[PDB]
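Structure first, commentary second.
Please note: Cβ atoms are built from the backbone with ideal geometry, for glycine as well, and neighbour counts cover all protein chains shown. No value in this document is a laboratory result; all are computed from the given coordinates.
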Protein chains: 2
Amino acid sequence: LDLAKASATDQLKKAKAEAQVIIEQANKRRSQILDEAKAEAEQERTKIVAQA
Amino acid sequence: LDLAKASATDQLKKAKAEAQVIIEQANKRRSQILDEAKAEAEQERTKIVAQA
């Protein structure tokens, strides 16, 4: 009983924390790519504006 | 012991997952939102140089 209970609390906590972490990662990635794409959009508008 | 630990753990798992999900929706959602933004602005700029 004692052992199991300890495992329950600690483990669940850890997992959830992990979930938080991963979410943080993916979100960050989204931020980065979004930035990058955004940059691309910028560049395209550039070349276009130029040639025109 | 069994009842309490198990219940806490389960409700926990579901909840954390939910959180991470809301994260994902907010991340892709926010991200796409960013995308549309990029479109609008870039149009505006092309307009700028064109005006030039």
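Tabulated data for the structure shown
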read-out	value
Only listed residue being closer than 28 Å to B:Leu34 by Cα and more than 8 Å from every other protein chain (Cβ to nearest Cβ), chosen from A:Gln20, A:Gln25	A:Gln25
Filtered residues of chain A (kept if within 30 Å of B:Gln51 (Cα to Cα) and acidic (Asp, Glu))	A:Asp35, A:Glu36, A:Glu40, A:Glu42, A:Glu44
Residue among B:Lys14, B:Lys5 that is more than 17 Å from A:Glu42 (Cα to Cα) and touching a helix residue (DSSP H, G or I) at 6+ places or on another chain (Cβ under 6 Å)	B:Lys5
Filter pass, A:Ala6 being of a type in the set (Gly, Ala, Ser), assigned to a helix (DSSP H, G or I) and more than 7 Å from chain B (Cβ to nearest Cβ)	yes
